[PDB]
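# Overview (structure and organization)
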Amino acid sequence: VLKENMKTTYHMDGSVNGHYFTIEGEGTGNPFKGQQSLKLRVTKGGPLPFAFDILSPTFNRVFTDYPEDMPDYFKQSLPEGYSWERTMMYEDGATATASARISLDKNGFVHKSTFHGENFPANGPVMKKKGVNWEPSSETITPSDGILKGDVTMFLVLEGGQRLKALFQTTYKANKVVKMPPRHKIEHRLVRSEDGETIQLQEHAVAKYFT
């Protein structure tokens, strides 16, 4: 079942403006507190010519602090798990897509993802590797016919402090019928750190009722 300390192994295959790359890593976190920490390495196609932050949100809503009386679509999906599909529309014209499948093995979660972003402006901040961190955000979660749809306006803070706006839209799909929550929101905090060899991501997510 779910432990207070859960591990994850990560694998991503991606391409950005025609450049292919692979990323692998491991994570640990507390699914009930909605906290997780990840350590990632670029295993193919490094060094990445683009800002890593475009990838960060691709790297699992099981790690969300849900209120006791709200149905938890993601924890209910276990042990079979769930998958999601996402579109990401940047205000400077780039549109990327991503997908992930969340499953379990004997060691913990298996997180397998893909990422495609093939029209980032060549002269823009993503391709100049200017990203630093995403602002805290609030994702609206809307149920319908056994799936959840998420909508969140994102702001990528750049090296100068300029913000780059993006609209993220996600469909979350469990493999079985689960008790469905009402429309609600999830507040996200995502922090990236680097050291020349590895990328660390730390995320905190908390679900709340509207009003």
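Residues numbered from 1 in each chain as written, not as in the entry; some residues may be left out. Heavy atoms only, no water.

Going by the header, the method for this PDB entry is X-ray crystallography, and the resolution given is 1.78 Å.

## Some thoughts on the overall build of the chain
On a plain count of helices and strands, the chain comes out with 1 helix and 12 strands. Its C-alpha atoms give the chain a radius of gyration of 16 Å, near enough to 17 Å, the size a compact globule of 211 residues would have. Its C-alpha atoms give the chain principal-axis dimensions of about 45 × 40 × 25 Å. Residue burial in the chain is summarised as follows: out of 211 residues, 48% are buried. Summed over its atoms, the accessible surface of the chain is roughly 10,200 Å², and 52% of this surface lies on carbon and sulfur atoms. Once the 26 positive and 25 negative side-chain charges of the chain are each reduced to a mean point, those two points are 1 Å apart. (Helix = DSSP H or I, 4+ residues; strand = E, 2+ residues; numbered from the N terminus. Rg over C-alpha atoms; globule rule 2.2 N^0.38 Å. Buried < 20%, exposed > 50% of the residue type's maximum accessible area, 1.4 Å probe, protein only. Areas by Shrake-Rupley, 256 points an atom, 1.4 Å probe, with all protein chains shown as cover. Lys, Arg positive; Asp, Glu negative; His and termini not counted. Charge placed at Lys NZ, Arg CZ, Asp CG, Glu CD.)

## Remarks on the layout of surface pockets
The calculated volume of the largest pocket comes to roughly 380 Å³. Residue lining of the largest pocket: 17 residues in total, with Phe52, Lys129, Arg192, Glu194 and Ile199 positioned closest to the centre. Looking at the lining of the largest pocket, the elements that each hand over two or more residues are β3 (35-44), β7 (131-134) and β11 (184-194). Counting residues per element, the lining of the largest pocket draws most heavily on β11, which supplies 3 residues. In the lining of the largest pocket, the residues fall into 6 nonpolar, 5 polar and 6 charged. (1 Å grid on protein atoms, 1.4 Å probe; cavity = no way out; pocket = protein on both sides within 12 Å on 5 of 7 lines; lining within 4 Å. Points joined across faces, edges and corners; volume = space filled by probe spheres on them. Nonpolar A, V, L, I, M, F, W, Y, C, P; charged D, E, K, R; others polar.)

## Topic: the packing of aromatic side chains
A full pass over the atoms with the stated rule returns 10 aromatic pairs. For the ring pair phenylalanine 63 and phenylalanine 109, a centre distance of 5.6 Å and an interplane angle of 65° mean the geometry is edge-to-face. Linking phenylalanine 63 in the loop between β3 and α1 (73-76) with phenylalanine 109 in strand β6 (residues 108-117), this pair joins segments that are 46 residues apart in sequence. No difference in accessibility class separates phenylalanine 63 from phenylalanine 109, as the two residues are buried. With a centroid separation of 5.5 Å and 65° between ring planes, the pair formed by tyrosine 90 and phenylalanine 120 is classed as edge-to-face. Linking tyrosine 90 in strand β4 (residues 82-90) with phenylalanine 120 in the loop between β6 and β7, this pair joins segments that are 30 residues apart in sequence. For the pair formed by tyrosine 90 and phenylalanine 120, the shared burial category is buried. (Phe/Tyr/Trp six-rings, centres within 6.5 Å; stacked < 30°, edge-to-face > 60°.)

## Here we look at the environment of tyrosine 20
With respect to the secondary-structure elements, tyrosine 20 resides in strand β2 (residues 19-30). We classify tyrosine 20 as exposed; its relative accessible area is 63%. Here the alpha-carbon distance between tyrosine 20 and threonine 8, two residues 12 residues apart in the chain, equals 23 Å. If we skip the residues at most four places from it in the chain, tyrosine 20 touches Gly14, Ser15, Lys44 and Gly45. (Contact = heavy atoms within 4.5 Å.)

## Some remarks on the pattern of salt bridges
All told, the structure shown has 10 salt bridges when counted by the stated rule. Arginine 61 is the salt-bridge partner of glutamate 203, the closest N and O atoms lying 3.4 Å from each other. Of this pair, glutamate 203 sits in strand β12 (residues 199-208) while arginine 61 is found in the loop between β3 and α1, placing the two residues 142 residues apart along the sequence. Two residues, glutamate 194 and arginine 192, come together in a salt bridge whose shortest N-O distance is 3.0 Å. Under the relative-accessibility criterion, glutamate 194 is labelled exposed at 60%. The class of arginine 192 is buried, set by a relative accessible area of 12%. Connected through salt bridges with shared partners, the residues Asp53, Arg192 and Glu194 form a single ionic network. (Salt bridge = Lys/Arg side-chain N within 4 Å of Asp/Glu carboxyl O.)

## Considerations on the side chain of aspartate 72
In this fold, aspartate 72 is placed in the loop between β3 and α1. Of the residues examined, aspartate 72 reaches a relative accessible area of 11% and is grouped as buried. Residue contacts for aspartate 72: discarding those within four places in its chain leaves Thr64 and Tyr66.

## A closer look at unusual backbone geometry
Put simply, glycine 46 and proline 47 share a cis peptide bond, and its omega is -5°. Structurally, the position occupied by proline 47 is in the loop between β3 and α1. Backbone torsion omega between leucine 78 and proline 79 reads 5°, so that peptide bond is classified as cis. Structurally, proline 79 can be placed in the loop between α1 and β4. Look at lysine 129: it is not a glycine, yet its phi comes out positive at around 60°. Along the chain, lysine 129 falls in the loop between β6 and β7.

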